[PDB]
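**Student:**
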Amino acid sequence: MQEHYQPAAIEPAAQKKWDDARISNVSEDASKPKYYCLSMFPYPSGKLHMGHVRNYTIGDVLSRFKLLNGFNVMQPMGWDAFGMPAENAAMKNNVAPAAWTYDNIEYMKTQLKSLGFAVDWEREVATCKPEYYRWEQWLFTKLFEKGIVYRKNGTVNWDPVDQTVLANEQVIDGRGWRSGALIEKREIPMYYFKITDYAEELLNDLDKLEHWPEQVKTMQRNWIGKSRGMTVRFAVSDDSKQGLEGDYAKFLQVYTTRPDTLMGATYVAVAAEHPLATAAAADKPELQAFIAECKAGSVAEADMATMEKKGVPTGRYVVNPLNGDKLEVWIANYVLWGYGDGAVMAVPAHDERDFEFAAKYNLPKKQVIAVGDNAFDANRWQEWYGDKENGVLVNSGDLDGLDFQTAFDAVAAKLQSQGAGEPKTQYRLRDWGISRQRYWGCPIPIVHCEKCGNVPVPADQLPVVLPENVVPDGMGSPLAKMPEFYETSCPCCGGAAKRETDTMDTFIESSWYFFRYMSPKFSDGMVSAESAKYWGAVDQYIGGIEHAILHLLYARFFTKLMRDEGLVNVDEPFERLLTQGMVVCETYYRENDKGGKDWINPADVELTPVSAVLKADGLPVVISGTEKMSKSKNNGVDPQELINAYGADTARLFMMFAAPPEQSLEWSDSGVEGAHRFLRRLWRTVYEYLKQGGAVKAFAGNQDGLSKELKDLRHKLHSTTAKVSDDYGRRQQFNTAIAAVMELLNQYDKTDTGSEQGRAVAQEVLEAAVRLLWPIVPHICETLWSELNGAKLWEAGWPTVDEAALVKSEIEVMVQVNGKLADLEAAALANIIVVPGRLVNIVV
Ligand SMILES: CC(C)C[C@H](N)C(=O)NS(=O)(=O)OC[C@H]1OC[C@@H](CCCn2cc(CN)nn2)[C@H](O)[C@@H]1O
Ligand SMILES: [Mg+2]
Ligand SMILES: [Zn+2]
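The sequence shown maps to residues 1 to 608, 615 to 827, 840 to 849, 864 to 876 in the authors' numbering.
(1) According to DSSP, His448 sits in a beta bridge with which residue or residues?
(2) Quick check: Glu11 and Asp623, are their CB atoms within less than 8 Å of each other?
(3) Under the three-state reduction of DSSP, which class applies to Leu166: helix, strand or coil?
(4) Is the closest heavy atom of ligand 1 to the C-beta of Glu136 under 7 Å?
(5) Specify the secondary structure class of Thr256 as computed by DSSP and reduced to three states.
(6) With 16 other CB atoms within 10 Å as the buried threshold, where does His682 fall?
(7) Does the Cβ-Cβ distance between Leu552 and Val216 come in under 8 Å?
(8) If I measure Cβ to Cβ from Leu244 and keep anything under 8 Å in the same chain, skipping five residues before and after, which residues do I get?
(9) If you count every other CB in all the chains shown that lies within 10 Å of the CB of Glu293, and 16 or more means buried, which is it?
(10) Going by CA-CA distance only, name the one from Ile629, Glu328, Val268, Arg123 that's closest to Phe514.
(11) Under 6 Å Cβ to Cβ from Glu715, same chain only, skipping five residues before and after it: list those, please.
(12) Is the beta carbon of residue 882 less than 8 Å from the beta carbon of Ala618?
(13) Shortest alpha-carbon distance to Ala410 belongs to which of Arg563, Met307, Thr261, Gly338?
(14) Please report the distance separating the alpha-carbon of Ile545 from that of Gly581.
(15) What is the C-beta distance between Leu139 and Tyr56, in whole angstroms, given that I count them as a contact (C-beta under 8 Å)?
(16) Between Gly653, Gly735, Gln646, which lies nearest to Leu578 when the distance is taken from Cα to Cα?
(17) Given a cut-off of 8 Å, decide if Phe705 and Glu770 are closer than it, judged by their beta-carbon atoms.
(18) Find out if the Cβ-Cβ distance for the pair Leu620, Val628 is shorter than 8 Å.
(19) By DSSP, does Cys787 sit in helix, in strand, or in coil?
(20) What does the Cβ neighbour count give for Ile817, buried or exposed, with the cut at 16 atoms within 10 Å?
(21) For the alpha helix (DSSP H) holding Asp655, just list the boundary residues, first then last.
(22) Is there contact between the stretch 489–500 and the stretch 439–456, where contact requires at least three CB pairs shorter than 8 Å?
(23) Taking just the CA atoms, how far does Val875 sit from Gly869?
(24) Could you pull the start and end residues of the alpha helix (DSSP H) that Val692 belongs to?
(25) Can you give me the start and stop residues for the alpha helix (DSSP H) that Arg233 sits inside?
(26) Where in the stretch 714–777 do unbroken runs of the alpha helix (DSSP H), each at least 4 residues long, occur, reported from the N-terminal end onward?
(27) Determine which residues share a DSSP beta bridge with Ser489 and list them.
(28) Assign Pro463 to one of two classes, buried (16 or more other C-beta atoms within 10 Å of its C-beta) or exposed (fewer than that).
(29) Less than 7 Å separating the Cβ of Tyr43 from some heavy atom of ligand 1?
(30) Taking 8 Å as the cut-off, decide whether the C-beta atoms of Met230 and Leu322 are in contact.
(31) Report the rounded CA-to-CA distance for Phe117 versus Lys637, giving the unit in angstroms.
(32) I want to know whether the stretch 353–361 touches the stretch 302–319 - three or more CB-CB distances under 8 Å.
(33) Considering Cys37, what are the terminal residues of the beta strand (DSSP E) in which it resides?
(34) With a CB to CB cut of under 8 Å and the five nearest residues on each side skipped, what residues in its chain are close to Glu87?
(35) Between which two residues does the alpha helix (DSSP H) containing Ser24 stretch?
(36) I need the boundaries of the beta strand (DSSP E) containing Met190, first residue and last residue.
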């Protein structure tokens, strides 16, 4: 055994020992209990970043821990290969997106294997291969004939200079983010998942997830946005029916979730596309411009509530069906056409958004709810204005005194008796649009025939192979400029027909890949029925918070779709969900000659502790703020150079010890040094132990007769084993478990283990400490364990807790004052010469 810890020699050898033993290549074996630990598969973007290392080390600690406890552990790995980054690099470096992708995969695979992750590489998938996306094209055709997938005209943003579609997040003040040209709203036919048909199922099944973060379940409930309200119809006054047709000339219909406050409606609001808005804007140019500004907007829903609410009066009036008040109709920019009826009622006294709107335009406010004896200020909003559980109605005629639920049913009675309203349930959830005007994506298995219509590709002709021999230029999606691809024959009549040139949303690949890992080479379906029954569902899911809404909801939607098709037997894909925090770093720059800043990568800097300067230039730079690692402010720390400088075990240990997994991790140069020096200490601790006698049989059994010092070390040992096991399986806080093993080595250093019984307790401490640290630093623990014990580490198993070593030794004693029944005198005074051991006597 070498005296000094050199990871470059022990990490490759330990990896071959694991690959030769094939301990990570697991099977559907009904002998050992299964465990499915899954980390979110990455985009093959070129190199791994620190966010990748943290996410996949967390998954590996959980996997190696469950494996050491006797589980059949599947930790698969794959690549989310479809996406825009491949097209952008294709335009930049003049290469094919497929070629650019496959070289990033084979390089990032070498980085992952160097870190020593226990990954079953015989289950590796790649979403850009036809052997994978053929099955989401297959599920597309099935759900398309059922109507779950349907084709419908939709509105998108078209950049007339970059010649492509842009999402709302890529539009800035009406212009494209790159071209800077005004975008055009276009109505094009697209495809949709009918996810609204599963809204009640996706909402209620969140209650089954007793091991999900409560905030993730909360965010999904708000996104679905179920609401039980009331449809209300306000009759249009006779002086306002000009230019209206159909039922719009008879009434204005709205939806509200608080019909108990219908007596407090001071005005109504309609969307810019509403017929009442169109009839009012016929001769007033101020309304025409307001409608045009609303249509030209591109507010993303992540910022929809943060936009300034604006409105214009129409001069038209409707009648409240309960008190007969004439309410003026306004055109509001926050009312979205297609969300319900496209028209709402406003109660400024009990809705904060209506309060700020009325305060802006000096609109009336009518209090109709009261909570206790609280004062109602018409010029200041209070939190109790919108309370529902502890309020009673006021200023509502024959509705005064009713609470929320009784007034709700009372209002429904009057509305239904008049035929002016009825209860209705609504959902904020929209359908899922999957059409993408991109090249590097899964083709949509639709063929357009002038006689048969939109025809799905039959199952025999799947997949519709995307040609990998394309280099996009940037002047339109290449699939539309390639007749050799879209010119085809109709699979129904054989006539001339064209293929769909739009590709699928890349979220479709990530929505079911966790099932494909169970049988990645299965060629007769999405997932083999035998492997789906064995693995069931993912036991542990690890990923970032940015996928808590869209990706997680899509994965649950696909799981219920595949369940209703007969492929799987679970309602939910993920049992446990761990949300890893981001990784941040310090930013550096220099001042530009034009009044700006040019950012510098931290690796190209060196600090004096005081100021900082370049590594080779000696030009003093300026240190800036700390934020998430990104190429924006050029603060990304390459983990490969970290592996080159310290090895894989130091990188894994630093990220597991710097902060808890949910908390953000700040990069620290001195932090990775403390991780490396601790691994040097652990190596020296085992070396110096074997240097004075060698290995012995670790202590086991009855500990009676051991010294007080050695008994205290065994107590600390089995306390650490119980503390680490609870930190891995339950708390999932890996930084606290590292310090627990560190404190065990502290007491070991302070304990004389030179005796014959001392050597045995020392062996028991070290054999457990290397197994307690194996999930975090498997390379050095594998090497050190083979020096202490000759058995295979994974067959020795997770350290067992000896509960006898935790029980303290008691000394029963009798206490008689004056004959009748230093620490013993203290307890016998909490009840004077004492005979040592059995008698204490209180000199009365
Ligand atoms: C299931 C799919 C939708 C996953 C998708 N292919 C994806 O997000 N792929 S990815 O390659 O983008 O991320 C792979 C995984 O591991 C890294 C995590 C951290 C990302 C944020 N971050 C970055 C830093 C410092 N550079 N600190 N935090 C990430 O959330 C994810 O869990
Ligand atoms: Mg349960
Ligand atoms: Zn046809």
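For each residue, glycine too, the CB sits at the ideal point set by N, CA and C.
**Tutor:** In terms of the structure at hand:
(1) What you label residue 448 is simply residue 448 of the sequence shown in a count that begins at 1. Beta-bridge pairing links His448 to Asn454, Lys498.
(2) By 1-based counting over the sequence shown, the position of residue 11 is 11. By 1-based counting over the sequence shown, the position of residue 623 is 617. The Cβ atoms of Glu11 and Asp623 lie no closer than 8 Å to each other.
(3) Counting from one through the sequence shown, the residue named residue 166 turns up at place 166. Three-state result, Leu166: strand.
(4) Mapped onto the sequence shown, residue 136 falls at position 136. It does not: the Cβ of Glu136 is nowhere closer than 7 Å to a heavy atom of ligand 1.
(5) As a first step, residue 256 is located in the sequence shown; it is residue number 256 there, counting from the start. If DSSP states are grouped into helix, strand and coil, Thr256 belongs with the strands.
(6) In the sequence shown, the residue the question calls residue 682 occupies position 676. Residue burial is scored here from C-beta neighbours: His682 has at least 16 other C-beta atoms within 10 angstroms and is therefore classed as buried.
(7) By one-based count along the sequence shown, residue 552 stands at place 552. By one-based count along the sequence shown, residue 216 stands at place 216. Cβ atoms of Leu552 and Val216: closer than 8 Å.
(8) Your numbering for residue 244 matches position 244 in the sequence shown. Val236, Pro275, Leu276, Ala279.
(9) Within the sequence shown, the letter at position 293 stands for residue 293. Around the beta-carbon of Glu293, fewer than 16 other beta-carbon atoms lie within 10 Å, marking it exposed.
(10) On the sequence shown, residue 514 is found 514 positions in, with the first residue counted as 1. Selected option, being the one with the closest Cα: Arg123.
(11) What you label residue 715 is simply residue 709 of the sequence shown in a count that begins at 1. Contacts found: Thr757.
(12) Residue numbering for the chain in the displayed model covers 1 to 876; residue 882 lies beyond these limits and cannot be assessed.
(13) Locating residue 410 in the sequence shown gives position 410, counting from the first residue. Taking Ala410 as reference, the option from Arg563, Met307, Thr261, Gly338 with the minimal CA-CA separation is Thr261.
(14) For this step, residue 545 is matched to residue 545 along the sequence shown. For this step, residue 581 is matched to residue 581 along the sequence shown. Rounded to whole angstroms, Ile545 to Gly581 spans 8 Å at the Cα level.
(15) By one-based count along the sequence shown, residue 139 stands at place 139. By one-based count along the sequence shown, residue 56 stands at place 56. About 28 Å separates the beta carbon of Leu139 from that of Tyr56, a gap too long to meet the 8 Å contact definition.
(16) Within the sequence shown, numbered from 1, the residue matching residue 578 stands at position 578. Restricting attention to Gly653, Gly735, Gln646, the CA atom closest to the CA of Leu578 is found in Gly735.
(17) By one-based count along the sequence shown, residue 770 stands at place 764. By one-based count along the sequence shown, residue 705 stands at place 699. Contact flag set, yes.
(18) On the sequence shown, position 614 is the one that residue 620 refers to. On the sequence shown, position 622 is the one that residue 628 refers to. Going by C-beta atoms, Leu620 is not nearer than 8 Å to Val628.
(19) Taking the first residue of the sequence shown as position 1, residue 787 is located at position 781. For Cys787, the three-state secondary structure derived from DSSP is helix.
(20) Residue numbering aside, residue 817 sits at position 811 when the sequence shown is read from its first letter. That one is exposed.
(21) The count along the sequence shown starts at 1 and reaches residue 655 at position 649. Per DSSP, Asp655 belongs to the alpha helix (DSSP H) from 654–664.
(22) These segments touch.
(23) Here residue 869 refers to the residue found at position 837 of the sequence shown. Here residue 875 refers to the residue found at position 843 of the sequence shown. Near 18 Å, if we compare the C-alpha coordinates of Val875 and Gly869.
(24) As a position in the sequence shown, residue 692 is number 686, starting the count at 1. Taken as a continuous stretch (DSSP letters only), the alpha helix (DSSP H) holding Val692 covers 675–696.
(25) On the sequence shown, residue 233 is found 233 positions in, with the first residue counted as 1. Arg233 -> not in any alpha helix (DSSP H); beta strand (DSSP E) instead, spanning 226–236.
(26) Correct list: 714–732, 740–755.
(27) Here the question's residue 489 lines up with position 489 in the sequence shown. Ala496, per the DSSP bridge assignment.
(28) Stepping through the sequence shown from its first residue, residue 463 is reached at position 463. Result: buried.
(29) What you label residue 43 is simply residue 43 of the sequence shown in a count that begins at 1. Closer than 7 Å to some heavy atom of ligand 1: that describes the Cβ of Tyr43.
(30) Taking the sequence shown and counting its residues from 1, one reaches residue 230 at position 230. Taking the sequence shown and counting its residues from 1, one reaches residue 322 at position 322. The answer is no: Cβ separation not under 8 Å.
(31) For this step, residue 117 is matched to residue 117 along the sequence shown. For this step, residue 637 is matched to residue 631 along the sequence shown. Answer to the nearest angstrom: the Cα atoms are 27 Å apart.
(32) Here the stretch 353–361 lies against the stretch 302–319, with 3 or more beta-carbon pairs under 8 Å apart.
(33) Locating residue 37 in the sequence shown gives position 37, where the first residue counts as 1. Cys37 -> beta strand (DSSP E) spans 34–39.
(34) Position 87 of the sequence shown, counted from the first residue, corresponds to residue 87. Same-chain partners within the cutoff: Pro97, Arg438, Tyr439, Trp440, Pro472.
(35) Reading the sequence shown from its first residue, position 24 is the one you call residue 24. No alpha helix (DSSP H) holds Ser24; DSSP gives it neither H nor E.
(36) Here residue 190 corresponds to residue number 190 of the sequence shown, with the count starting at 1. Note, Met190: beta strand (DSSP E), 184–193.
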